[PDB]
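J.: Below: one structure in structure tokens.
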Amino acid sequence: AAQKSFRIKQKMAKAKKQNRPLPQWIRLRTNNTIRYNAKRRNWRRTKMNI
Amino acid sequence: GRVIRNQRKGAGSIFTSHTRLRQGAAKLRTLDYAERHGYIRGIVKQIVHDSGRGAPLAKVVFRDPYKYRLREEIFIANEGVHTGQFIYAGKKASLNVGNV
Amino acid sequence: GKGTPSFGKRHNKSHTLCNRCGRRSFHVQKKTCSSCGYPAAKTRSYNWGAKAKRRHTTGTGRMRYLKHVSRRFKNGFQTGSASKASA
Amino acid sequence: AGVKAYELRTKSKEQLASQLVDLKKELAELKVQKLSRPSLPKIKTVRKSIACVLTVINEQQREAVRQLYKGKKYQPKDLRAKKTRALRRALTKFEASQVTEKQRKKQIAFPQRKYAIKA
Amino acid sequence: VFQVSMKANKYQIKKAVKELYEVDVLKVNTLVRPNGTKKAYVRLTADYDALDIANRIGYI
RNA sequence: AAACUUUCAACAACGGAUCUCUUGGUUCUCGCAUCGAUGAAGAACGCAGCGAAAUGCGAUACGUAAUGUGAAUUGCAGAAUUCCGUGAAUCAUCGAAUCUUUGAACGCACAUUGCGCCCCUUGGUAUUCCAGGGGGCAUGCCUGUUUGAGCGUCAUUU
RNA sequence: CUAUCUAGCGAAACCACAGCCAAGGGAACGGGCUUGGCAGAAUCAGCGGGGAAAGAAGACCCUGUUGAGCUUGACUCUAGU
RNA sequence: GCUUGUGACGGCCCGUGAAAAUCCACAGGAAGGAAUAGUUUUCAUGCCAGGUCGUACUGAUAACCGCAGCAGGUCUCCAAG
RNA sequence: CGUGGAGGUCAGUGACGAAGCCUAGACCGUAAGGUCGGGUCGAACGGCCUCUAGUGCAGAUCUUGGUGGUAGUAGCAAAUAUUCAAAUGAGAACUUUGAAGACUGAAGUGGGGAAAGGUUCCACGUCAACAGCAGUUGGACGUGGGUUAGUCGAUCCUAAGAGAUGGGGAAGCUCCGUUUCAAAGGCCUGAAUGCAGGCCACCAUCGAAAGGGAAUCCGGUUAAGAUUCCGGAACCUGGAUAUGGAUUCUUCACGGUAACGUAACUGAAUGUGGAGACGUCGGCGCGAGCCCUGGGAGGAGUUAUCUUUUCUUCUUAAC
RNA sequence: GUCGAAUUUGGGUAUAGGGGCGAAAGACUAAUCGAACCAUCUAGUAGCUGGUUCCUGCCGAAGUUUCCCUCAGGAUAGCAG
RNA sequence: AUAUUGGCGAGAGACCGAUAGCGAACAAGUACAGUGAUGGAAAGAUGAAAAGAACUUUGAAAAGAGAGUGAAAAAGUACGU
RNA sequence: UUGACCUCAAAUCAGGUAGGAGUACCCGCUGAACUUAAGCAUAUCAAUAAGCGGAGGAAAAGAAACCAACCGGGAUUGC
Ligand SMILES: NC[C@@H]1O[C@H](O[C@H]2[C@@H](O)[C@H](O[C@@H]3[C@@H](O)[C@H](N)C[C@H](N)[C@H]3O[C@H]3O[C@H](CO)[C@@H](O)[C@H](O)[C@H]3N)O[C@@H]2CO)[C@H](N)[C@@H](O)[C@@H]1O
Ligand SMILES: NC[C@@H]1O[C@H](O[C@H]2[C@@H](O)[C@H](O[C@@H]3[C@@H](O)[C@H](N)C[C@H](N)[C@H]3O[C@H]3O[C@H](CO)[C@@H](O)[C@H](O)[C@H]3N)O[C@@H]2CO)[C@H](N)[C@@H](O)[C@@H]1O
Ligand SMILES: NC[C@@H]1O[C@H](O[C@H]2[C@@H](O)[C@H](O[C@@H]3[C@@H](O)[C@H](N)C[C@H](N)[C@H]3O[C@H]3O[C@H](CO)[C@@H](O)[C@H](O)[C@H]3N)O[C@@H]2CO)[C@H](N)[C@@H](O)[C@@H]1O
Ligand SMILES: NC[C@@H]1O[C@H](O[C@H]2[C@@H](O)[C@H](O[C@@H]3[C@@H](O)[C@H](N)C[C@H](N)[C@H]3O[C@H]3O[C@H](CO)[C@@H](O)[C@H](O)[C@H]3N)O[C@@H]2CO)[C@H](N)[C@@H](O)[C@@H]1O
Ligand SMILES: NC[C@@H]1O[C@H](O[C@H]2[C@@H](O)[C@H](O[C@@H]3[C@@H](O)[C@H](N)C[C@H](N)[C@H]3O[C@H]3O[C@H](CO)[C@@H](O)[C@H](O)[C@H]3N)O[C@@H]2CO)[C@H](N)[C@@H](O)[C@@H]1O
Ligand SMILES: NC[C@@H]1O[C@H](O[C@H]2[C@@H](O)[C@H](O[C@@H]3[C@@H](O)[C@H](N)C[C@H](N)[C@H]3O[C@H]3O[C@H](CO)[C@@H](O)[C@H](O)[C@H]3N)O[C@@H]2CO)[C@H](N)[C@@H](O)[C@@H]1O
Ligand SMILES: [Mg+2]
Ligand SMILES: [Mg+2]
Ligand SMILES: [Mg+2]
Ligand SMILES: [Mg+2]
Ligand SMILES: [Mg+2]
Ligand SMILES: [Mg+2]
Ligand SMILES: [Mg+2]
Ligand SMILES: [Mg+2]
Ligand SMILES: [Mg+2]
Ligand SMILES: [Mg+2]
Ligand SMILES: [Mg+2]
Ligand SMILES: [Mg+2]
Ligand SMILES: [Mg+2]
Ligand SMILES: [Mg+2]
Ligand SMILES: [Mg+2]
Ligand SMILES: [Mg+2]
Ligand SMILES: [Mg+2]
Ligand SMILES: [Mg+2]
Ligand SMILES: [Mg+2]
Ligand SMILES: [Mg+2]
Ligand SMILES: [Mg+2]
Ligand SMILES: [Mg+2]
Ligand SMILES: [Mg+2]
Ligand SMILES: [Mg+2]
Ligand SMILES: [Mg+2]
Ligand SMILES: [Mg+2]
Ligand SMILES: [Mg+2]
Ligand SMILES: [Mg+2]
Ligand SMILES: [Mg+2]
Ligand SMILES: [Mg+2]
Ligand SMILES: [Mg+2]
Ligand SMILES: [Mg+2]
Ligand SMILES: [Mg+2]
Ligand SMILES: [Mg+2]
Ligand SMILES: [Mg+2]
Ligand SMILES: [Mg+2]
Ligand SMILES: [Mg+2]
Ligand SMILES: [Mg+2]
Ligand SMILES: [Mg+2]
Ligand SMILES: [Mg+2]
Ligand SMILES: [Mg+2]
Ligand SMILES: [Mg+2]
Ligand SMILES: [Mg+2]
Ligand SMILES: [Mg+2]
Ligand SMILES: [Mg+2]
Ligand SMILES: [Mg+2]
Ligand SMILES: [Mg+2]
Ligand SMILES: [Mg+2]
Ligand SMILES: [Mg+2]
Ligand SMILES: [Mg+2]
Ligand SMILES: [Mg+2]
Ligand SMILES: [Mg+2]
Ligand SMILES: [Mg+2]
Ligand SMILES: [Mg+2]
Ligand SMILES: [Mg+2]
Ligand SMILES: [Mg+2]
Ligand SMILES: [Mg+2]
Ligand SMILES: [Mg+2]
Ligand SMILES: [Mg+2]
Ligand SMILES: [Mg+2]
Ligand SMILES: [Mg+2]
Ligand SMILES: [Mg+2]
Ligand SMILES: [Mg+2]
Ligand SMILES: [Mg+2]
Ligand SMILES: [Mg+2]
Ligand SMILES: [Mg+2]
Ligand SMILES: [Mg+2]
Ligand SMILES: [Mg+2]
Ligand SMILES: [Mg+2]
Ligand SMILES: [Mg+2]
Ligand SMILES: [Mg+2]
Ligand SMILES: [Mg+2]
Ligand SMILES: [Mg+2]
Ligand SMILES: [Mg+2]
Ligand SMILES: [Mg+2]
Ligand SMILES: [Mg+2]
Ligand SMILES: [Mg+2]
Ligand SMILES: [Mg+2]
Ligand SMILES: [Mg+2]
Ligand SMILES: [Mg+2]
Ligand SMILES: [Mg+2]
Ligand SMILES: [Mg+2]
Ligand SMILES: [Mg+2]
Ligand SMILES: [Mg+2]
Ligand SMILES: [Mg+2]
Ligand SMILES: [Mg+2]
Ligand SMILES: [Mg+2]
Ligand SMILES: [Mg+2]
Ligand SMILES: [Mg+2]
Ligand SMILES: [Mg+2]
Ligand SMILES: [Mg+2]
Ligand SMILES: [Mg+2]
Ligand SMILES: [Mg+2]
Ligand SMILES: [Mg+2]
Ligand SMILES: [Mg+2]
Ligand SMILES: [Mg+2]
Ligand SMILES: [Mg+2]
Ligand SMILES: [Mg+2]
Ligand SMILES: [Mg+2]
Ligand SMILES: [Mg+2]
Ligand SMILES: [Mg+2]
Ligand SMILES: [Mg+2]
Ligand SMILES: [Mg+2]
Ligand SMILES: [Mg+2]
Ligand SMILES: [Mg+2]
Ligand SMILES: [Mg+2]
Ligand SMILES: [Mg+2]
Ligand SMILES: [Mg+2]
Ligand SMILES: [Mg+2]
Ligand SMILES: [Mg+2]
Ligand SMILES: [Mg+2]
Ligand SMILES: [Mg+2]
Ligand SMILES: [Mg+2]
Ligand SMILES: [Mg+2]
Ligand SMILES: [Mg+2]
Ligand SMILES: [Mg+2]
Ligand SMILES: [Mg+2]
Ligand SMILES: [Mg+2]
Ligand SMILES: [Mg+2]
Ligand SMILES: [Mg+2]
Ligand SMILES: [Mg+2]
Ligand SMILES: [Mg+2]
Ligand SMILES: [Mg+2]
Ligand SMILES: [Mg+2]
Ligand SMILES: [Mg+2]
Ligand SMILES: [Mg+2]
Ligand SMILES: [Mg+2]
Ligand SMILES: [Mg+2]
Ligand SMILES: [Mg+2]
Ligand SMILES: [Mg+2]
Ligand SMILES: [Mg+2]
Ligand SMILES: [Mg+2]
Ligand SMILES: [Mg+2]
Ligand SMILES: [Mg+2]
Ligand SMILES: [Mg+2]
Ligand SMILES: [Mg+2]
Ligand SMILES: [Mg+2]
Ligand SMILES: [Mg+2]
Ligand SMILES: [Mg+2]
Ligand SMILES: [Mg+2]
Ligand SMILES: [Mg+2]
Ligand SMILES: [Mg+2]
Ligand SMILES: [Mg+2]
Ligand SMILES: [Mg+2]
Ligand SMILES: [Mg+2]
Ligand SMILES: [Mg+2]
Ligand SMILES: [Mg+2]
Ligand SMILES: [Mg+2]
Ligand SMILES: [Mg+2]
Ligand SMILES: [Mg+2]
Ligand SMILES: [Mg+2]
Ligand SMILES: [Mg+2]
Ligand SMILES: [Mg+2]
Ligand SMILES: [Mg+2]
Ligand SMILES: [Mg+2]
Ligand SMILES: [Mg+2]
Ligand SMILES: [Mg+2]
Ligand SMILES: [Mg+2]
Ligand SMILES: [Mg+2]
Ligand SMILES: [Mg+2]
Ligand SMILES: [Mg+2]
Ligand SMILES: [Mg+2]
Ligand SMILES: [Mg+2]
Ligand SMILES: [Mg+2]
Ligand SMILES: [Mg+2]
Ligand SMILES: [Mg+2]
Ligand SMILES: [Mg+2]
Ligand SMILES: [Mg+2]
Ligand SMILES: [Mg+2]
Ligand SMILES: [Mg+2]
Ligand SMILES: [Mg+2]
Ligand SMILES: [Mg+2]
Ligand SMILES: [Mg+2]
Ligand SMILES: [Mg+2]
Ligand SMILES: [Mg+2]
Ligand SMILES: [Mg+2]
Ligand SMILES: [Mg+2]
Ligand SMILES: [Zn+2]
């Protein structure tokens, strides 16, 4: 939030890196369930809570 | 029932005294060898107003008997005490306004 | 305007992240974590809270040490190396 | 590929020190080519090798420090029994063994008698 | 421009930048990228060419 | 008479009942006795040639060593496939290590990647100042040690 | 500016079954029962007579050996004193 | 003329209107102090270095709160004819 | 009569088709129900004798899940307003550009920040979903790029306030307390480091991105960062410190009546003084920027007619 | 309505559920206040509403007696299988 | 000798059969809600095997129509019945 | 003057130990009300729930200041 505490920039940095679509190749794997990333996030929809 | 207003005051909280801008506490000089036997001299350096107190305070310097330093005291000005006057303090001290 | 208008005023956070438990339960003004209890010595738990318990108990975590203790007990807490087959 | 555990154990410390440094040189240079190419699976074996080199160098110095303390009463807590908190404060086989002089004679005067009953 | 240990201050950078690539480092400015990795802007003094030493490390 | 509506059939929709599946749950029994200041439980952030999870791990980071095993791993790639071999492997086993930032959590803090002090060592003229590296400084208590305090107190003074 | 008509988008209330009357008797004010009036597809804009319309297990009232806020020389206690 | 800063002042109170870090100064006279020399680093000039975290963008009839791209709510600076 | 399971038995049925399901098809039973054909189906299932229950639904404003009529209906009408053409595209009332018409009218629909969000910023790709019409556009989707400081903040200080410590309560989780009924230390010097000097000593710490406070400016630069980068010019703290200059034979400066002046001009313990450092209102003087404005030197608009015209450039940083 | 003060307001900070806080409305204490929100005791008790799942065959009632802090409930006798 | 809804390792049942059985047979104490304590889901089944529909054709495209695979497409990742 | 003693301190003195987690069972402390009584106060719920301190693999109890009153019996625990 503007001038931000490091811990929160760090916590931010995390959730940024883990918002991605599934890698396409995860769905070729033998015995594979996952079709899509079900934990995907968005700034408009769900808020992080710091 | 509820807890009536006059009970809530002993818990402090809202009802504590508003002390910020006050001068120090108004206290005499400590009772020591000086005042108990002879007297002592000090200048009332300024009188001045103490917040929430309607009785002006007089700030009296003294010289430390047992060390070389200045020691300031906070006295309640006695009506006719005045900046620059010499306050005398002790059993041997004279009988005059401002003296203890 | 006890409703929608008064909601627009909420920018301050009663709690930030609790160093110990990682929730946002750490009361900024109270300087005590709501969920975990930091910085009390003990960790917060209640018997009427049995669901809260099974959220935080052992094995909900990584067990980084404890998990291996059983194998190490299974055989004698072995000192030393392994002798191979040799010839 | 890369390094091997037994081969390293023969080489001297000061060689291992240099072993590392040119592995770091390589692994570093790997990460350069790595981003100019459609991946680079090769870099795995060198960063694993660095672990092995560093495991051995550790094995030596720990064993060496193990020697310097051999036989002494007080050894670094690093190198001690481990086992269990509760365990390692249990009485020693010696301490549990002790018996009052009154009893050691009673444990001699009339110690348990093996017997049987026929017919 | 180098990715750097998040644990490495501007001294450690300059010392290790000199030691590894054998160059004089004028000044060092470090930020932390959005992803949580430190980026260092390491300026080489006039005595060297940064593009040379760049593809002396083999990127160009 | 159409349209429309209603009822029935057929096919098509809608929806997921029913049937059959079951690496799950549930309950009974049997055996065993091992968490932590040697840093646990739990947390945070990281770690893969290409991963967001789950799982595993800790800058030696889906693992390093040891032991067994005897050729795979497999989504594509890659390899050295280093196969009569100290040797494949997301294998089994585990006795050796590593183990970031934490946490009873230990120099002090902690909505801060904030701030002191000691020791060793390296570089910048360098006992002092700056910097890199390495190891350090919590509490109560016990036993011991060394150093102290008290006209509480016995001797010696000379 | 709506409403209205159109393209596109597209909810909710409510719903035993339903929906024309007069009288009769009837739980003493019927859409249905009985006797009469009658009775012709499919519909649009309006309307506020009815649907004892919708909204919410009536708050009034009584009942309950059901409460709670409150008061007091009710019953029984109690911190302080 | 507008905004704004400063100089000199007048009035108001049974209201008389923060603290600490920090910095310079004075009184004092402990002390060191020269001749073929010893003095001063509050005068000039010259040498080297300064770590760590934050730094994007919205700040609102769309980027915060109010289930939402909600006619609501949310502190402040600049201000032309 | 019927359902899940259990012992026994038909050496029961079945991939040549079990179970289920669908049948305005058949038969049996008063009935619960039973049986058969046909279709669809894919791996199990039934008769009799017994055992056993989480054993039969239409309702409970029942539970969960799914679906209707209402109904292409209520609606999609606040915030003055749109129009022509091109480009792009399979596709344009909605995208881009041009033109025209307008609005907010600086107490703004302008230019920045605080809390808060957390990549929304920027660029390329791109339209299934979302943007209650649309979408070639997007704060969406996909892939990447991006936030550089000794001087701006934090960090330091203390505020209300919070909080360890000797301690005293409380069965205890814990309570009180912040200088208190405590043996509460950490500086500068010499002799490379201990003893001898010696002063001084009521007192952890947390608590302000609007309070206090060491110190930077202009110009240029990106798709996206800048008081941070680049170019130039500075300053502050911290070290080192040499030369110049100053002072002394009257050792620790000279001058002025004095207010005070000078490039410097020794100063321990200790004491003290000052700046930090502060309310509110009212006018009055002065400055800066803005406003208005003349000459002149450029550029621009209008010019049937009129206007020595209307608009616009003429700037100056901290140090 | 008020608009230079009992003015409006940011942030920091303090008071917590029989408690707080209240220029007093039982007001406010996170859309919650004549006792907050969360979990547990708890499947709280209910003489009171509501519901209570297959078929056939035979028999077949009571609203009365007495007692009851009994009158919407029981005990009791009667009717019934 | 006795206790044992925990820990570790086992063997079982006239138990439950995806609205059942633990809340969770699944990236389940997860997604999500709340300032907070806490609250807390949904969701198993193509086929023996992807053989996951080459190719032609209409279409801006999503797709349709041929045509192929297969025991079956009356199994086409909207997948057993 | 010098040497012990008692008491009481300090040290980053030399060696250690306590904390926290778990909590089905176990030893204690503390401690309800819903509820039943067809009302309700004792009583009941219950020496229970919640709260607190301490363990082990079991804990605890135990070799009798016991039980009995018998011709006596003989640590404790459990059925
Ligand atoms: N309660 C605050 C009290 O302030 C007192 O302090 C008094 C003074 O020491 C202090 O004076 C400050 C001075 O410290 C500071 N360094 C300079 C400042 N100008 C002075 O301020 C004071 O004097 C000036 C001039 O007379 C006035 O304009 C101003 O209103 C006044 N507060 O201000 C106070 C008088 O107003 C004492 N420290 C003590 O009694 C107490 O802390
Ligand atoms: N966001 C922090 C807090 O999370 C709380 O809830 C969190 C928990 O339920 C859960 O967090 C668990 C945590 O319980 C458990 N003890 C450890 C575990 N690793 C955490 O996991 C979480 O963290 C990861 C990593 O950032 C995230 O991907 C994700 O939020 C979640 N899986 O994830 C939730 C994330 O919101 C509350 N919602 C709230 O107090 C606050 O938002
Ligand atoms: N001082 C207590 C002793 O600390 C010892 O531990 C020593 C180290 O192992 C320990 O190091 C910690 C480490 O645990 C941790 N995981 C990483 C951390 N940076 C280190 O921290 C150490 O240095 C940092 C420097 O910033 C200090 O801030 C910190 O106070 C200090 N403990 O810190 C101690 C030295 O300061 C032992 N654990 C033990 O004997 C005892 O607890
Ligand atoms: N005070 C001396 C004079 O101050 C004048 O300026 C002063 C005034 O403008 C103004 O002073 C006002 C005064 O006007 C008015 N009549 C009285 C008021 N108390 C003063 O205020 C002053 O004193 C109060 C303490 O009383 C402080 O708290 C306050 O900060 C200070 N400004 O504040 C300035 C500083 O005191 C001029 N500088 C000059 O005429 C002269 O120096
Ligand atoms: N806004 C900035 C101002 O611009 C002004 O700029 C004016 C001058 O530069 C210049 O003045 C010229 C004059 O030199 C020349 N001899 C003739 C010319 N017509 C004048 O211009 C004139 O413009 C119009 C007349 O059309 C008048 O309204 C205006 O007052 C007058 N200056 O034309 C400008 C018109 O305003 C002034 N320089 C000065 O006030 C200031 O810089
Ligand atoms: N059209 C040529 C290619 O078809 C490919 O797709 C092939 C199939 O995957 C696709 O199958 C579709 C299916 O997607 C969709 N859900 C509908 C239907 N089940 C299938 O339909 C297909 O099979 C049926 C049966 O024989 C044919 O009659 C029909 O023509 C054909 N399109 O039909 C295509 C064959 O005609 C790819 N889409 C692409 O490579 C390209 O479009
Ligand atoms: Mg899944
Ligand atoms: Mg969340
Ligand atoms: Mg009360
Ligand atoms: Mg006070
Ligand atoms: Mg809300
Ligand atoms: Mg805030
Ligand atoms: Mg608060
Ligand atoms: Mg408190
Ligand atoms: Mg702590
Ligand atoms: Mg459990
Ligand atoms: Mg488990
Ligand atoms: Mg498990
Ligand atoms: Mg490990
Ligand atoms: Mg920085
Ligand atoms: Mg990046
Ligand atoms: Mg009809
Ligand atoms: Mg099957
Ligand atoms: Mg691999
Ligand atoms: Mg890549
Ligand atoms: Mg993980
Ligand atoms: Mg994996
Ligand atoms: Mg392969
Ligand atoms: Mg292959
Ligand atoms: Mg393995
Ligand atoms: Mg291992
Ligand atoms: Mg560790
Ligand atoms: Mg740590
Ligand atoms: Mg710490
Ligand atoms: Mg160090
Ligand atoms: Mg200790
Ligand atoms: Mg209408
Ligand atoms: Mg229409
Ligand atoms: Mg609507
Ligand atoms: Mg609704
Ligand atoms: Mg309605
Ligand atoms: Mg009706
Ligand atoms: Mg009539
Ligand atoms: Mg009638
Ligand atoms: Mg009538
Ligand atoms: Mg009628
Ligand atoms: Mg009716
Ligand atoms: Mg009819
Ligand atoms: Mg009839
Ligand atoms: Mg009729
Ligand atoms: Mg009639
Ligand atoms: Mg009507
Ligand atoms: Mg109606
Ligand atoms: Mg209503
Ligand atoms: Mg209503
Ligand atoms: Mg009612
Ligand atoms: Mg009601
Ligand atoms: Mg009412
Ligand atoms: Mg009544
Ligand atoms: Mg009654
Ligand atoms: Mg009552
Ligand atoms: Mg004017
Ligand atoms: Mg005041
Ligand atoms: Mg001064
Ligand atoms: Mg002087
Ligand atoms: Mg910036
Ligand atoms: Mg910015
Ligand atoms: Mg703005
Ligand atoms: Mg809005
Ligand atoms: Mg929002
Ligand atoms: Mg408005
Ligand atoms: Mg608004
Ligand atoms: Mg406002
Ligand atoms: Mg049966
Ligand atoms: Mg059953
Ligand atoms: Mg059977
Ligand atoms: Mg059978
Ligand atoms: Mg057969
Ligand atoms: Mg069947
Ligand atoms: Mg039929
Ligand atoms: Mg058939
Ligand atoms: Mg069919
Ligand atoms: Mg069949
Ligand atoms: Mg099958
Ligand atoms: Mg089969
Ligand atoms: Mg049957
Ligand atoms: Mg049932
Ligand atoms: Mg049913
Ligand atoms: Mg039904
Ligand atoms: Mg029904
Ligand atoms: Mg509907
Ligand atoms: Mg209809
Ligand atoms: Mg439509
Ligand atoms: Mg319409
Ligand atoms: Mg309307
Ligand atoms: Mg409008
Ligand atoms: Mg057009
Ligand atoms: Mg065109
Ligand atoms: Mg438009
Ligand atoms: Mg346009
Ligand atoms: Mg206008
Ligand atoms: Mg303004
Ligand atoms: Mg406004
Ligand atoms: Mg901006
Ligand atoms: Mg954008
Ligand atoms: Mg959208
Ligand atoms: Mg739309
Ligand atoms: Mg569309
Ligand atoms: Mg994007
Ligand atoms: Mg600054
Ligand atoms: Mg501070
Ligand atoms: Mg204080
Ligand atoms: Mg305290
Ligand atoms: Mg005291
Ligand atoms: Mg010493
Ligand atoms: Mg500040
Ligand atoms: Mg910008
Ligand atoms: Mg520059
Ligand atoms: Mg003024
Ligand atoms: Mg300046
Ligand atoms: Mg009025
Ligand atoms: Mg007025
Ligand atoms: Mg206020
Ligand atoms: Mg309570
Ligand atoms: Mg009460
Ligand atoms: Mg109280
Ligand atoms: Mg008020
Ligand atoms: Mg009232
Ligand atoms: Mg609410
Ligand atoms: Mg409320
Ligand atoms: Mg109300
Ligand atoms: Mg009430
Ligand atoms: Mg509440
Ligand atoms: Mg709530
Ligand atoms: Mg019940
Ligand atoms: Mg109960
Ligand atoms: Mg009952
Ligand atoms: Mg009744
Ligand atoms: Mg009676
Ligand atoms: Mg009734
Ligand atoms: Mg009877
Ligand atoms: Mg009979
Ligand atoms: Mg059990
Ligand atoms: Mg349990
Ligand atoms: Mg095994
Ligand atoms: Mg068995
Ligand atoms: Mg299912
Ligand atoms: Mg389920
Ligand atoms: Mg289902
Ligand atoms: Mg079911
Ligand atoms: Mg069942
Ligand atoms: Mg469930
Ligand atoms: Mg999910
Ligand atoms: Mg909740
Ligand atoms: Mg299925
Ligand atoms: Mg399968
Ligand atoms: Mg084509
Ligand atoms: Mg195209
Ligand atoms: Mg075909
Ligand atoms: Mg063929
Ligand atoms: Mg095919
Ligand atoms: Mg074929
Ligand atoms: Mg066949
Ligand atoms: Mg088939
Ligand atoms: Mg099929
Ligand atoms: Mg397919
Ligand atoms: Mg599909
Ligand atoms: Mg379907
Ligand atoms: Mg199907
Ligand atoms: Mg199947
Ligand atoms: Mg020690
Ligand atoms: Mg404990
Ligand atoms: Mg316990
Ligand atoms: Mg009762
Ligand atoms: Mg009762
Ligand atoms: Mg009662
Ligand atoms: Mg009792
Ligand atoms: Mg209990
Ligand atoms: Mg144990
Ligand atoms: Mg046992
Ligand atoms: Mg025992
Ligand atoms: Mg005895
Ligand atoms: Mg016995
Ligand atoms: Zn916590």
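Naming works like this for the structure tokens: A, B, ... for the chains as they're shown, residue 1 at the start of each chain, ligands 1 onward in shown order.
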Please extract the residues at most 8 Å from ligand 164, counting only C-alpha atoms (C1' of nucleotides) and all ligand atoms, and provide them as a list in words, using the chain letters and residue numbers of this document.

T.: residues 41 and 42 of chain I; 71, 72, 74 and 75 of chain K

J.: Which residues are near residue 212 in chain I? Cut-off 10 Å, only C-alpha atoms (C1' of nucleotides), ignore same chain within fewer than 2 positions. Put them as a PyMOL selection string.

T.: (chain H and resi 19-22) or (chain I and resi 157-158+208+276-277)

J.: Could you please determine the separation between CA of residue 17 in chain E and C1' of residue 224 in chain I in Å, to one decimal place?

T.: 28.6 Å

J.: Taking only C-alpha atoms (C1' of nucleotides) and all ligand atoms and a cut-off of 9 Å, can you tell me which residues surround ligand 153, written as an MDAnalysis selection string?

T.: (chainID A and resid 38:39) or (chainID K and resid 30:32 42:43)

J.: Figure out the distance between atom 1 (Mg, counted along the ligand's line) of ligand 138 and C1' of residue 68 in chain J, please, to one decimal in Å.

T.: 14.0 Å
